[PDB]
Amino acid sequence: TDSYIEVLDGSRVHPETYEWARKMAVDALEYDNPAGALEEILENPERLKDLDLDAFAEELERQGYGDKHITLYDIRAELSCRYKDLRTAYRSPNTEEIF
Amino acid sequence: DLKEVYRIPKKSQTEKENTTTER
């Protein structure tokens, strides 16, 4: 209608971590626009592999959010191929299955 | 000069060379 749609809605990343995801995208591009940086990282995910997430997790722990190593790594893996079907690939029934 | 907010830094060369052997 007349509102901007947050691109991360299509991804995982609970809405309580949109600010963290935006900051991670802005820092990976090594900028000094949140949405533009997010849209660029979504298409150039190779730049997220060089970012240090352990330092960010330590920063979060020192700020007062508790342990977030796994949460941040999950957000990074999400930026890389938003919602990737974790289900096992299709396989043809083997001999015993067919029998 | 000092109003710069925290910035998520990049990994060191040691980490970039070591962690690359894990997947």
# chains A, B, ... in the order shown; residues from 1 in each chain; ligands from 1
call {"tool": "interface_residues", "arguments": {"of": "chain B", "to": "chain A", "cutoff": "9 Å", "atoms": "only C-alpha atoms", "output": "PDB file with N, CA, C and O atoms, in the first residue's frame"}}
result
ATOM      1  N   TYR B   6      29.730   1.449  18.408  1.00  0.00           N
ATOM      2  CA  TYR B   6      30.424   0.182  18.274  1.00  0.00           C
ATOM      3  C   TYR B   6      30.246  -0.375  16.871  1.00  0.00           C
ATOM      4  O   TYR B   6      29.186  -0.237  16.257  1.00  0.00           O
ATOM      5  N   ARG B   7      31.297  -1.006  16.364  1.00  0.00           N
ATOM      6  CA  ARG B   7      31.288  -1.569  15.024  1.00  0.00           C
ATOM      7  C   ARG B   7      31.783  -3.003  15.110  1.00  0.00           C
ATOM      8  O   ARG B   7      32.797  -3.273  15.759  1.00  0.00           O
ATOM      9  N   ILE B   8      31.066  -3.916  14.466  1.00  0.00           N
ATOM     10  CA  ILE B   8      31.456  -5.322  14.443  1.00  0.00           C
ATOM     11  C   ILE B   8      32.705  -5.455  13.581  1.00  0.00           C
ATOM     12  O   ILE B   8      32.631  -5.265  12.359  1.00  0.00           O
ATOM     13  N   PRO B   9      33.862  -5.764  14.157  1.00  0.00           N
ATOM     14  CA  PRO B   9      35.089  -5.828  13.361  1.00  0.00           C
ATOM     15  C   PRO B   9      35.176  -7.122  12.560  1.00  0.00           C
ATOM     16  O   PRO B   9      34.416  -8.069  12.759  1.00  0.00           O
ATOM     17  N   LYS B  10      36.143  -7.151  11.652  1.00  0.00           N
ATOM     18  CA  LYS B  10      36.412  -8.336  10.856  1.00  0.00           C
ATOM     19  C   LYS B  10      37.355  -9.274  11.595  1.00  0.00           C
ATOM     20  O   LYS B  10      38.130  -8.858  12.458  1.00  0.00           O
ATOM     21  N   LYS B  11      37.273 -10.554  11.249  1.00  0.00           N
ATOM     22  CA  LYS B  11      38.150 -11.537  11.859  1.00  0.00           C
ATOM     23  C   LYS B  11      39.601 -11.252  11.490  1.00  0.00           C
ATOM     24  O   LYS B  11      39.904 -10.598  10.487  1.00  0.00           O
ATOM     25  N   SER B  12      40.503 -11.716  12.348  1.00  0.00           N
ATOM     26  CA  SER B  12      41.926 -11.559  12.104  1.00  0.00           C
ATOM     27  C   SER B  12      42.379 -12.535  11.019  1.00  0.00           C
ATOM     28  O   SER B  12      41.679 -13.489  10.665  1.00  0.00           O
ATOM     29  N   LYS B  16      40.886 -16.214   9.873  1.00  0.00           N
ATOM     30  CA  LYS B  16      40.506 -16.438   8.483  1.00  0.00           C
ATOM     31  C   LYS B  16      41.266 -17.611   7.876  1.00  0.00           C
ATOM     32  O   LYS B  16      40.728 -18.320   7.017  1.00  0.00           O
TER      33      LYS B  16
END
call {"tool": "residues_around", "arguments": {"residues": "range 64-74 of chain A", "least_positions_apart": "2", "cutoff": "9 Å", "atoms": "only C-alpha atoms", "output": "list in words"}}
result
residues 12, 13, 20, 21, 53, 54, 56, 57, 58, 59, 60, 61, 62, 76, 77, 78 and 79 of chain A
call {"tool": "atom_distance", "arguments": {"atom1": "CA of residue 9 in chain A", "atom2": "CA of residue 86 in chain A"}}
result
18.2 Å
call {"tool": "atom_distance", "arguments": {"atom1": "CA of residue 84 in chain A", "atom2": "CA of residue 23 in chain B"}}
result
17.1 Å
call {"tool": "atom_distance", "arguments": {"atom1": "CA of residue 40 in chain A", "atom2": "CA of residue 8 in chain A"}}
result
12.8 Å
call {"tool": "decode", "arguments": {"residues": "range 11-94 of chain A", "atoms": "C-alpha atoms", "output": "PDB file, in the first residue's frame"}}
result
ATOM      1  CA  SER A  11      13.755 -15.041   6.350  1.00  0.00           C
ATOM      2  CA  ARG A  12      13.934 -16.510   9.840  1.00  0.00           C
ATOM      3  CA  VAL A  13      15.400 -14.008  12.303  1.00  0.00           C
ATOM      4  CA  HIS A  14      12.793 -13.250  14.939  1.00  0.00           C
ATOM      5  CA  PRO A  15      11.569  -9.653  14.701  1.00  0.00           C
ATOM      6  CA  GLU A  16      13.352  -8.993  18.003  1.00  0.00           C
ATOM      7  CA  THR A  17      16.649  -9.360  16.124  1.00  0.00           C
ATOM      8  CA  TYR A  18      16.027  -7.223  13.029  1.00  0.00           C
ATOM      9  CA  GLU A  19      18.195  -4.459  14.453  1.00  0.00           C
ATOM     10  CA  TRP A  20      21.032  -6.929  15.005  1.00  0.00           C
ATOM     11  CA  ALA A  21      20.695  -8.252  11.461  1.00  0.00           C
ATOM     12  CA  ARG A  22      20.735  -4.742  10.005  1.00  0.00           C
ATOM     13  CA  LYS A  23      23.812  -3.830  12.032  1.00  0.00           C
ATOM     14  CA  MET A  24      25.568  -7.013  10.928  1.00  0.00           C
ATOM     15  CA  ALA A  25      24.821  -6.209   7.289  1.00  0.00           C
ATOM     16  CA  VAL A  26      26.027  -2.618   7.691  1.00  0.00           C
ATOM     17  CA  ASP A  27      29.254  -3.752   9.368  1.00  0.00           C
ATOM     18  CA  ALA A  28      30.001  -6.456   6.795  1.00  0.00           C
ATOM     19  CA  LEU A  29      29.830  -3.941   3.963  1.00  0.00           C
ATOM     20  CA  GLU A  30      32.334  -1.844   5.962  1.00  0.00           C
ATOM     21  CA  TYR A  31      30.297   1.327   5.636  1.00  0.00           C
ATOM     22  CA  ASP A  32      30.697   4.428   7.764  1.00  0.00           C
ATOM     23  CA  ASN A  33      21.399   3.168   4.714  1.00  0.00           C
ATOM     24  CA  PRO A  34      20.193   0.134   6.695  1.00  0.00           C
ATOM     25  CA  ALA A  35      17.823  -1.212   4.045  1.00  0.00           C
ATOM     26  CA  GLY A  36      20.246  -0.699   1.160  1.00  0.00           C
ATOM     27  CA  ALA A  37      23.061  -2.459   2.990  1.00  0.00           C
ATOM     28  CA  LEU A  38      20.695  -5.300   3.822  1.00  0.00           C
ATOM     29  CA  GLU A  39      19.599  -5.648   0.195  1.00  0.00           C
ATOM     30  CA  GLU A  40      23.226  -5.646  -0.953  1.00  0.00           C
ATOM     31  CA  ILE A  41      24.297  -8.304   1.552  1.00  0.00           C
ATOM     32  CA  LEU A  42      21.346 -10.514   0.623  1.00  0.00           C
ATOM     33  CA  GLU A  43      22.782 -10.683  -2.904  1.00  0.00           C
ATOM     34  CA  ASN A  44      26.491 -10.693  -1.909  1.00  0.00           C
ATOM     35  CA  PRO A  45      26.555 -13.147   1.016  1.00  0.00           C
ATOM     36  CA  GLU A  46      30.253 -13.944   0.567  1.00  0.00           C
ATOM     37  CA  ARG A  47      31.104 -10.797   2.537  1.00  0.00           C
ATOM     38  CA  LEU A  48      29.456 -12.182   5.685  1.00  0.00           C
ATOM     39  CA  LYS A  49      31.998 -15.004   5.838  1.00  0.00           C
ATOM     40  CA  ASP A  50      34.793 -12.557   6.692  1.00  0.00           C
ATOM     41  CA  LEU A  51      32.944 -10.911   9.580  1.00  0.00           C
ATOM     42  CA  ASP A  52      33.779 -11.681  13.202  1.00  0.00           C
ATOM     43  CA  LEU A  53      30.667 -12.846  15.018  1.00  0.00           C
ATOM     44  CA  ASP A  54      32.400 -13.923  18.232  1.00  0.00           C
ATOM     45  CA  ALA A  55      33.349 -10.320  18.948  1.00  0.00           C
ATOM     46  CA  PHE A  56      29.752  -9.297  18.323  1.00  0.00           C
ATOM     47  CA  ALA A  57      28.547 -12.043  20.665  1.00  0.00           C
ATOM     48  CA  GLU A  58      30.961 -10.839  23.346  1.00  0.00           C
ATOM     49  CA  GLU A  59      29.730  -7.293  22.807  1.00  0.00           C
ATOM     50  CA  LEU A  60      26.152  -8.490  23.235  1.00  0.00           C
ATOM     51  CA  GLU A  61      27.023 -10.399  26.408  1.00  0.00           C
ATOM     52  CA  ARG A  62      28.729  -7.323  27.837  1.00  0.00           C
ATOM     53  CA  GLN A  63      25.746  -5.139  26.911  1.00  0.00           C
ATOM     54  CA  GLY A  64      23.238  -7.452  28.577  1.00  0.00           C
ATOM     55  CA  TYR A  65      21.621  -9.941  26.219  1.00  0.00           C
ATOM     56  CA  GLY A  66      23.204 -13.185  27.384  1.00  0.00           C
ATOM     57  CA  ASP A  67      24.912 -15.740  25.193  1.00  0.00           C
ATOM     58  CA  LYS A  68      24.117 -15.243  21.512  1.00  0.00           C
ATOM     59  CA  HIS A  69      26.851 -17.079  19.618  1.00  0.00           C
ATOM     60  CA  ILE A  70      24.400 -19.543  18.108  1.00  0.00           C
ATOM     61  CA  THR A  71      21.754 -16.873  17.507  1.00  0.00           C
ATOM     62  CA  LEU A  72      24.169 -14.675  15.551  1.00  0.00           C
ATOM     63  CA  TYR A  73      25.536 -17.620  13.582  1.00  0.00           C
ATOM     64  CA  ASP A  74      21.964 -18.600  12.718  1.00  0.00           C
ATOM     65  CA  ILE A  75      21.231 -15.047  11.542  1.00  0.00           C
ATOM     66  CA  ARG A  76      24.334 -15.166   9.343  1.00  0.00           C
ATOM     67  CA  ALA A  77      23.394 -18.540   7.880  1.00  0.00           C
ATOM     68  CA  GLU A  78      19.945 -17.086   7.236  1.00  0.00           C
ATOM     69  CA  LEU A  79      21.260 -14.093   5.318  1.00  0.00           C
ATOM     70  CA  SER A  80      23.014 -16.754   3.219  1.00  0.00           C
ATOM     71  CA  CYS A  81      20.056 -18.268   1.333  1.00  0.00           C
ATOM     72  CA  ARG A  82      17.022 -17.050   3.294  1.00  0.00           C
ATOM     73  CA  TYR A  83      14.924 -19.962   4.517  1.00  0.00           C
ATOM     74  CA  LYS A  84      16.771 -22.960   3.145  1.00  0.00           C
ATOM     75  CA  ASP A  85      14.684 -26.129   3.177  1.00  0.00           C
ATOM     76  CA  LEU A  86      16.581 -28.176   5.765  1.00  0.00           C
ATOM     77  CA  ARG A  87      14.626 -31.269   4.730  1.00  0.00           C
ATOM     78  CA  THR A  88      16.639 -34.104   3.221  1.00  0.00           C
ATOM     79  CA  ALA A  89      16.726 -34.131  -0.563  1.00  0.00           C
ATOM     80  CA  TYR A  90      14.390 -36.460  -2.420  1.00  0.00           C
ATOM     81  CA  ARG A  91      15.651 -39.971  -2.986  1.00  0.00           C
ATOM     82  CA  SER A  92      14.395 -42.792  -5.161  1.00  0.00           C
ATOM     83  CA  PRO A  93      13.159 -45.790  -3.137  1.00  0.00           C
ATOM     84  CA  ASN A  94      15.917 -48.386  -2.875  1.00  0.00           C
TER      85      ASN A  94
END
